[PDB]
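One chain comes next, on its own, written out as structure tokens in the form deposited in one PDB entry.
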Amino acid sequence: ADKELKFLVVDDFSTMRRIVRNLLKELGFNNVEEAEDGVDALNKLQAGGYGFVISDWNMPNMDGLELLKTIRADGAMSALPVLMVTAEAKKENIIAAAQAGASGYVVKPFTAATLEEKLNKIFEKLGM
């Protein structure tokens, strides 16, 4: 529940990144960064500082899961929370996310009120 948590809003789409941003806003979150892909993100992540990957499932060069497995077979990034943002609540996504090691999932578009609740539980389970 850090209203400053560094959200790597990994998504290749700007307006969404913007309302996500504005809702985070009406809810009080204002610290949001944008990335456009997995190599970019992996490159970006090969850097560091990222705490929450609000990663859209899909991107070019390397997607959400390769991102996630490479993230996982690699010594250094093996345990980052990745909130897979998904357009819809689906099981295999939910499970593959689970077997390759993902942290949680959410469905857009949400009201300020909903985004509000999901964040709460991951925070909960990871101990945040």
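We call the rigid core whatever largest set of C-alpha positions still superposes within 1.5 Å between the two forms. Just count from 1 along the sequence shown to find any residue number.
Below, we turn to the form deposited in another entry, even though it does not appear here.
- Of the residues listed here (27, 32, 62, 83), only one shifts its CA by 2 angstroms or more between the shown form and the other one after fitting on the rigid core, and it is 27.
- Taking 2 Å as the criterion, residue 97 does not count as shifted between the shown form and the other one: its C-alpha moves by less than this amount when the rigid core is aligned.
- Relative to the superposed core, residue 53 shifts its CA atom by less than 2 Å between the shown form and the other one.
- Residue 9 shows a C-alpha shift below 2 Å between the shown form and the other one [criterion: core-superposed Cα displacement of 2 Å].
- Relative to this form, the distance between the C-alpha atoms of residue 89 and residue 123 is increased by at least 3 angstroms in the other entry.
- Annotation for the pair residue 89/residue 31: C-alpha atoms recede from each other in the other entry, by 3 Å or more compared with this form.
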